[PDB]
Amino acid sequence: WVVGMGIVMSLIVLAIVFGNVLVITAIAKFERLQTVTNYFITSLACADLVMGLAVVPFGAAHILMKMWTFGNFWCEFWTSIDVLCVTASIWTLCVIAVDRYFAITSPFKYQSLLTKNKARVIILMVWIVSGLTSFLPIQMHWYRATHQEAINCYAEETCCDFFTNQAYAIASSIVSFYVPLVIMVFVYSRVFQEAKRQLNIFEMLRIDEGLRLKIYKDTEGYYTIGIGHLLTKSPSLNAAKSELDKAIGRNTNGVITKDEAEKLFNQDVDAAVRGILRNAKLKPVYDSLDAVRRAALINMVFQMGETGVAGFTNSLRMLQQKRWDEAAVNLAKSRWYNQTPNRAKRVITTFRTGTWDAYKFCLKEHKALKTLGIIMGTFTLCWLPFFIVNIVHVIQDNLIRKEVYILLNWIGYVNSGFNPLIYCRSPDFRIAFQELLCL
């Protein structure tokens, strides 16, 4: 039974190293992955690799041998390394939340305000301060318990049980974990509220129109380009190429950049908006609407034209009358539902509720944000039991046995392998992992 545990544990060490080197090397090799967010994730992956190389193996040995055998120096050092990693980890996540926050409330949404170089220094500082507040307490013996049972473990080279004074337990916890955890959760839940609230029509259309820079066909059959920008309803491909070159003013040959695409997209919307104001049957309803459903109304016009969207007189009767639930039924009773249901669903909900809840986590950088949300939430769930129970030991001396402290600590250890797996959400990281694993 001791043996099975040792396989389980060995598997873990390898999962942390395999996982984390795979994260670190990807970022090292591919210049596309070198961003401010991915610089911090490297420092996060380093702490997990140092955890997996230095902390975890020696813990497993300590458990199974039932005694420390590495000499009191590496006992003290093993601890400071271990404390250093948990402190550097949580404070990196905190910094990542703040970097996200200042990104999303800038005019450059989703892009960091830090430079690559200024970022590198933020990482060094985190480690410098973390190192000092992890090591000095430990090496200067300031952590040490005064009572006898502890003092017997100190002067023994084969006892490495972690014993600390009440005041250290509190002071180390608040600064090492509670402060950054709290700032992280506060800030990042606002980074989610910023994204949701800062959704405009441009992202909304991008989400359910897609983007292609080569010429393609819509489900109607006609030639389209960019973000759902029709070129012609003529079946001749050269006619499409001709209408594109006419639009941009360049010999594209079916190839355009995002620059040329988003300029078209902006012209397309403004005209779709102009068209709603010009049309007599639509304009009255548009003034009636809040900013959100205003965008829901342009979304249709973009797709079906000013004429067509002026066809749904009943839907427009009831939207003018604010009966969102009633208008959604009639919009369901339409060929538009039958032709494109996934878009219809999303657009109808927006009319229904009046919120972006049908479009959450749909945009790319909104998926990028959720992934970052998932690593943060997991680290919380992995350590919070351990850290709370650590504080409840200091308040109530007898509630917390050895077995529980070690087990809870070990859910925290298991956290060092999860991040690489969670990055497989990112199709940037997924493509990277396969290339490196030569699949």
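The first residue of the sequence shown is number 1, and the count goes up from there.
_Between 290 to 298 and 167 to 175 (mean CA B-factor, as deposited), the higher_ = For C-alpha atoms only, the mean B-factor is higher in 290 to 298.
*Per the entry, higher mean C-alpha B factor between 82 to 90 and 209 to 217*: Looking at the recorded C-alpha B-factors, 209 to 217 comes out higher on average.
*Have a look at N200, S134, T105, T340 and flag the one whose Cα has the highest B-factor in the entry.*
Spelled out: the listed residue with the top C-alpha B-factor is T340.
_Identity of residue with top Cα B-factor, from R100, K367, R317, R190_ = Of the candidates given, the C-alpha B-factor peaks at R317.
*Within this chain's modelled residues, let me know which third the CA B factor of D397 belongs to: lowest, middle or highest.*
Highest third.
*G308 - which third its CA temperature factor falls in, relative to the rest of the chain*: Middle third.
*Taking the entry's C-alpha B-factors for this chain, is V129 in the lowest, middle or highest third?*
Lowest third - that is where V129 ends up once the chain's C-alpha B-factors are sorted.
*Among modelled residues of the same chain, the CA temperature factor third for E403*: CA B-factor rank for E403: highest third.
*Chain-wide C-alpha B factor ranking for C362, given as lowest, middle or highest third*: For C362, the deposited C-alpha B-factor lands in the middle third.
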